[PDB]
Amino acid sequence: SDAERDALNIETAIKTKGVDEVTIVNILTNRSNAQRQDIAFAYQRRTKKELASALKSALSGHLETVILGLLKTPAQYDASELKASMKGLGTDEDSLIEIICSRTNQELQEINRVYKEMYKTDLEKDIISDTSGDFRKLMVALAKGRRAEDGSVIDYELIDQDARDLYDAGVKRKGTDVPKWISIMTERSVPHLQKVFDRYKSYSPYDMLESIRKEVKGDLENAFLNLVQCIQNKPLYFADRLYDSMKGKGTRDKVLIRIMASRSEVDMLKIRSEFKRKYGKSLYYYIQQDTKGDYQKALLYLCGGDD
DNA sequence: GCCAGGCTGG
DNA sequence: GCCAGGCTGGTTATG
Ligand SMILES: [Ca+2]
Ligand SMILES: [Ca+2]
Ligand SMILES: [Ca+2]
Ligand SMILES: [Ca+2]
Ligand SMILES: [Ca+2]
Ligand SMILES: [Ca+2]
Ligand SMILES: [Ca+2]
Ligand SMILES: [Mg+2]
């Protein structure tokens, strides 16, 4: 890599009359996150100005959102998105749910650490302040990032007991024992819960997702639905969330940008494979139909190719 | 989950 | 009939 050559080409594009957005996109969306950190360092040393601030002046619109997000480290970006989801008197529960429900223990440990560094308060405290009831209990538990790690031994006895407990806490009874659902679904390892959800189908006339829809409502329902999909098949979860961000009128750009940026370097090949298999056309194609301009170009580079 | 009703398959 | 799935609504499950 040549961070200083990239940093120089970016400054030229910034200072150019009208701004050369294509140069900025072509560079930043075709570099790894670590290469971008080096570019930003090299840029500050050359210009005495922060790259992120210089681009926030030089860009606007959805393109600005993409590019500024790409400049943050993965944990910084996640922490900033969590902060933004909680900003003001409301809560963006959909975004909070997406991040907390899909991040691994190791990702969440770094988010907790980085959040506190950037905002001087614990993530858990902001979550407690923005949520209430069982939804709060579930989000706070997940955010600890202390799910059991995948053991070397499959515990079939516990798989069966957990399935019965989920059934007895929900569909089988009047009302719902939500704390039993929260315990099992936050504490057990991911491969364990995968097996629990199939075993659950032996006891229950409905699968886990349909049981959630029948038993709970609102933010709690949304959160359990996202979590179960994340446990069952996380690349498919992101493929479905991307399809949902585009399928209808307009675009849920906040969701589309965040997924494309945060997964580009993690599992985007699997996301693309699941998307193409389910929807028959490529993720690339859906992005092309829903977005335009340099913004489109940036997302297509994060996609990484057709099919 | 319970009690039913009609429906589509093999 | 039997086997496997679905969808409705009424009287509704440690209720
Ligand atoms: Ca321009
Ligand atoms: Ca701007
Ligand atoms: Ca708030
Ligand atoms: Ca809200
Ligand atoms: Ca119930
Ligand atoms: Ca519901
Ligand atoms: Ca659309
Ligand atoms: Mg790439």
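Computed from heavy atoms alone, side chains included, the values below leave out hydrogens, waters and symmetry copies. Residue numbers begin at 1 in each chain, while the letters A, B, ... track the order of the sequences.
Taking atom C1' on both nucleotides, C:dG10 is separated from C:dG5 by 23 Å, rounded to a whole Å. Distance check on atom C1': B:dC3 versus C:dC3 gives 23 Å, rounded to whole Å.
Nucleotide C:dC3: paired with B:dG9 (Watson-Crick or G-U wobble, both distances less than 3.5 Å).
We find that NZ of A:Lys214 is positioned 14 Å from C1' of C:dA13, with the value rounded to whole Å. Across the protein-nucleic acid pair, A:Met208 atom CE and B:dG1 atom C1' stand 14 Å apart, rounded to whole Å. Rounded to an integer number of Å, the gap from A:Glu210 CD to C:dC7 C1' is 12 Å. Taking atom CG of A:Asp168 as the reference point, atom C1' of C:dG15 lies 15 Å away to the nearest angstrom. Between the NZ atom of A:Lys174 and the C1' atom of C:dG15 there is a distance of 7 Å, rounded to whole Å. Distance, A:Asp207 CG to B:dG1 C1': 16 Å, rounded to whole Å. A straight line from OH of A:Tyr167 to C1' of B:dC2 spans 10 Å, rounded to a whole angstrom. Atom-to-atom, OH of A:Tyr206 to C1' of B:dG1 comes out at 7 Å; the value is rounded to the nearest Å.
Checking A:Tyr301 against A:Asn26 by side-chain atom types alone, a donor-acceptor pair falls below 3.5 Å.
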Task: Audit row: A:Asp207, A:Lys201, salt bridge (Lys or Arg N to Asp or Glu O under 4.0 Å) steps and yes/no - done: CA-CA 5 Å; A:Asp207 71 13; A:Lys201 296 196 215 173; 5.2 Å; no

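From the dihedral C1'-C2'-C3'-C4', which is positive here, one reads the pucker of B:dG5 as north, toward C3'-endo. From the dihedral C1'-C2'-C3'-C4', which is positive here, one reads the pucker of C:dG6 as north, toward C3'-endo.
Base orientation for B:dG6: syn, the chi torsion being within 90° of 0.
Ring geometry for A:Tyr279 versus A:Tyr243: interplanar angle under 30°, hence parallel rather than tilted (30 to 60°).
Partners of A:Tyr119 by ring pair (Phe, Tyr, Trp, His ring centres under 6.0 Å), not counting sequence neighbours, listed by chain and number: A:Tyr115.
With respect to A:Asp240 and A:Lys278, a salt bridge is recorded, a charged nitrogen being found less than 4.0 Å from a carboxylate O.
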